[PDB]
Amino acid sequence: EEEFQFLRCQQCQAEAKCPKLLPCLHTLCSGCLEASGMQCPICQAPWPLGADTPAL
Ligand SMILES: [Zn+2]
Ligand SMILES: [Zn+2]
């Protein structure tokens, strides 16, 4: 309902490219997303560390 709201990518949405944790909508795509336009505070940091997400 909040934060978590995607599972593909910021711009290149094909098949979840960001395995980053999923509590802060960070399942976008490690390469073009960084709280720049998906719903996160300049996250760009804990990308490699994720909690309960799908990953790739
Ligand atoms: Zn992308
Ligand atoms: Zn985030």
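To match Swiss-Prot, the residue numbers of chain A are left as they are there, and the shown ones run 49-104.
Each residue, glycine too, has its Cβ placed from N, Cα and C.
According to Swiss-Prot, the feature Zn(2+) 1 binding site maps to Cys57, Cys60, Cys77, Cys80. Swiss-Prot lists 57-92 with the feature zinc finger. Residues annotated as SUMO2 cross-link in Swiss-Prot: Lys65. The SUMO1 cross-link annotation in Swiss-Prot covers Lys65 and rests on experimental evidence. Residues or ranges marked as Zn(2+) 2 binding site in Swiss-Prot: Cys72, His74, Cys88, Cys91.
Feature annotations (Swiss-Prot) mapped to structure.
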| residue | record | DSSP (3 states) |
| --- | --- | --- |
| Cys57 | Zn(2+) 1 binding site | coil |
| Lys65 | SUMO2 cross-link | strand |
| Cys72 | Zn(2+) 2 binding site | coil |
| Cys77 | Zn(2+) 1 binding site | strand |
| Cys88 | Zn(2+) 2 binding site | coil |
- Note on the structure: Whole-Å Cα distance, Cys91 (Zn(2+) 2 binding site) to the residue listed as 'SUMO2 cross-link', is 16
- Note on the structure: By Cα geometry, the one of the recorded positions (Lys65, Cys72, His74, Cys88) nearest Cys80 (Zn(2+) 1 binding site) is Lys65
- Using CB under 6 Å from any atom of ligand 2, narrow the binding-site residues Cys60, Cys72, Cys77, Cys80, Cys88 to the ones that qualify. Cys72, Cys88
- Using all protein chains shown, find which of the binding-site residues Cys60, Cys72 scores highest when you count other CB atoms within 10 A of its CB. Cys72
- Message: Just to be sure I understand the contacts, which binding-site residues have a Cβ under 6 angstroms from any atom of ligand 1? Candidates are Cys72, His74, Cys88, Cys91.
- Response: none
- Query: Measuring Cα to Cα, how many angstrom lie between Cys57 (Zn(2+) 1 binding site) and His74 (Zn(2+) 2 binding site)?
  - Reply: 9
- Query: Between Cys60 (Zn(2+) 1 binding site) and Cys88 (Zn(2+) 2 binding site), how far is it from one CA atom to the other, in Å?
  - Reply: 17
- Residue among binding-site residues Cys57, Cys77, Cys80, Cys91 with least C-beta crowding, 10 angstrom cut-off: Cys80
